[PDB]
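# Build me a model from this:
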Amino acid sequence: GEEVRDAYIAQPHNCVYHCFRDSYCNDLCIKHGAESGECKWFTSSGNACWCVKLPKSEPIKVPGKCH
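Residues are numbered from 1 along each chain as shown. What follows is the structure:
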């Protein structure tokens, strides 16, 4: 049945959803089907978008190389 998990969302073009502010990722996550979203500064490689209870159906950061 229903199944979700908190993971770092990433665009379908193999990359981290570049959000200008928490307000962006927050609503951006809702469209995908998440409870909420917040920006987290992991490094100086650009702010990423963190989604909550994000559904597997949606894309997620994967090991490789961002364009």
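# Find the residue at the geometric middle of this protein.
Among the residues of the chain, the one closest to the centroid is residue 9, at 2.3 Å (CA atoms, centre = their mean).
# can you pull the contacts of that residue?
Contacts for residue 9 (CB atoms under 8 Å, 6 or more residues apart in numbering) come out as 17, 25, 29, 32, 34, 37, 49-51, 54, 58-61. No exception for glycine: its C-beta is placed from N, CA and C like everyone else's.
# 7 Å instead?
Residue 9 sits next to 17, 29, 32, 49, 51, 54, 58, 59, 60 when contact means CB atoms under 7 Å, 6 or more residues apart in numbering.
# what about residue 26, which SS state?
helix (DSSP: H, G, I helix; E, B strand; the rest coil).
# dump the residue contacts of it.
36, 37, 38.
# Buried among those residues? Need that as a selection in ChimeraX.
Per 16 or more other CB atoms under 10 Å, the buried members of the contacts of residue 26 correspond to this ChimeraX selection:
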select :37,38
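# Could you save the contacts of residue 26 as a markdown table and add columns showing distance to residue 44 and secondary structure?
What follows is the contacts of residue 26, written out as a markdown table (distance: CB to CB, whole Å; DSSP: H, G, I helix; E, B strand; the rest coil):
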| residue | distance to residue 44 | secondary structure |
| --- | --- | --- |
| 36 | 25 | coil |
| 37 | 21 | strand |
| 38 | 19 | strand |
